[PDB]
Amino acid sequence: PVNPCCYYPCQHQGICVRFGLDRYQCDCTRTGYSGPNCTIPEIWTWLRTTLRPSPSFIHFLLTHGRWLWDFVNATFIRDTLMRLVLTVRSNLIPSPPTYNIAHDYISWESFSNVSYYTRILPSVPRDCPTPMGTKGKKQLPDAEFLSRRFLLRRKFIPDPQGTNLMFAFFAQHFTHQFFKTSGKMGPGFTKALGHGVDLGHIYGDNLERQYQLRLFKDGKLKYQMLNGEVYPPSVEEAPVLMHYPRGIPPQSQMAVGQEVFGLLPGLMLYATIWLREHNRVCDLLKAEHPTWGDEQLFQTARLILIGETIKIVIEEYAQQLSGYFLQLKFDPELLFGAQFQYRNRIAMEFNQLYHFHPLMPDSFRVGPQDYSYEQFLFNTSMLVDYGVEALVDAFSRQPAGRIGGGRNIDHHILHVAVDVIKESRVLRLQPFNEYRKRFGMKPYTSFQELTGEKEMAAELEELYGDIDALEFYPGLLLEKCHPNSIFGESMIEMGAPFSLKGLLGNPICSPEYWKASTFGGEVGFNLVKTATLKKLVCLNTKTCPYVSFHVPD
């Protein structure tokens, strides 16, 4: 017979489970609903759901009250929302975590085997009619086609929000500390254990690699003076296993902590900046605490970077992206009264979703110059030629591409996009609509409703055959993005809960760690409480260039 859970009968997070040979049961426990399929609101949840506004409307508010917001922003009405935005958002992420590439059910292995990435929704039963479930054509769209047909850039549609490459790279850099798939174990697994903001894209993702990177003196990290300026050490002085092209492995071949940070000046640039900082903070610490050994002058140094990072990501990175008028704010105490699990676990769906590849331009302008991908990718001399300062002032000026709308992934990288959908299929992630539900939204009723226009809409229908079988990565990118937004609705509604759940789920964010001692002295704490993007740079440089997550003017 037909595996009954192939219809995804259970609603509102109700657990589906086969009983007997052809029967099934929903586990609406705390679902907030009662009944066979979890579709009977309890008195309260019914109130909640009736007095509950459209996610589309709440967005409207967050982006319109120039005045109401300038005022809510200068009063406590600020922390109250921030504290609200947090709790509510991250409450949609299961914690402890639930499934993986190998388990569509609760399990101890899933719980303890860090090796796995995790999922929010189970997978599409391997024995279901359609590869998506029950609806659609028994053959998903020719992956490579879709990619060129709808995601392939034509004319560069830039981010209406003012985003720039200075942001794009940070995004990339940052996201790699937790997103690290291995061809070894394959899709659905991850090298970057720890999951989250641990800077294991700096200090490396294993103890050894760290050590092989640490200068084991005054708690700093090795490095080298090239032109007077500081830079990461070369693999000739640090045996860290990199991925550079069989070229001049000795010099110019730097060791960073993130195996791939050599394939792009941006990622190396940043890797540099942070490293610059790290040692920079060591200098600071060692003064307040001379007696301090190497390890302490290292652990404390690290943590201060987890602070500054988690800090910048929310109050500036997230800010720019969101476009909200409400001043996002990083303050662990906002949850000290809430029920929250201080632990995160990267999710495959989060992974796929964070693919902002369309942010990347056509070419990379650096002042009067104008490097092509070919001359940019794997390039080397560029970082140490131009110098941090000037090379930042360059990305802080060249605009980023719009993530939403569709058709904006440059052809060079366009290959990625295809492997995402290919992998998405590997993993067996349920359909867009199925994920729209779990993140508090309604399923799109028609392809037309999904995209502002009618062209792609129809063409897409004569492919998947039903809005209900649309895929995850395609729908996210192909969704009519918000008015003047950098990307569609579903992007933030699905993105936020993952991002914050893990952004604040970091141990340092808990009451147990959030103390001045955890950063040895006030200086440490105040560094985490004062981190700026403009500071991460200008404090570790010779000169202060223009720097921001958005183009000037």
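Residue numbers run from 1 along the displayed sequence.
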Next item on the list: Between 241-249 and 318-326, name whichever shows the higher mean Cα B factor according to the PDB entry.
Entry: 241-249
Check: Where do the C-alpha atoms have the higher mean temperature factor in this entry, in 492-500 or in 47-55?
Finding: 47-55
Check: Among 75, 339, 372, 224, which residue carries the highest C-alpha B-factor recorded in the PDB entry?
Finding: 224
Item checked: Maximum C-alpha temperature factor, selected from 92, 102, 171, 458 -> 458
Item checked: Assigned third (lowest, middle, highest) for the C-alpha B factor of residue 217 -> highest
Next item on the list: Using the B-factor values recorded in the entry, state whether the Cα atom of residue 537 falls in the lowest, middle or highest third among the modelled residues of its chain.
Entry: middle
Item checked: For residue 409, the third of its chain into which the C-alpha B factor falls -> highest
Margin query: Test of reading the entry: by CA B factor among the chain's modelled residues, which third contains residue 107?
Written below: lowest
Note to self: Taking only the Cα B-factors deposited for this chain, tell me whether residue 393 sits in the lowest, middle or highest third.
What the structure shows: lowest
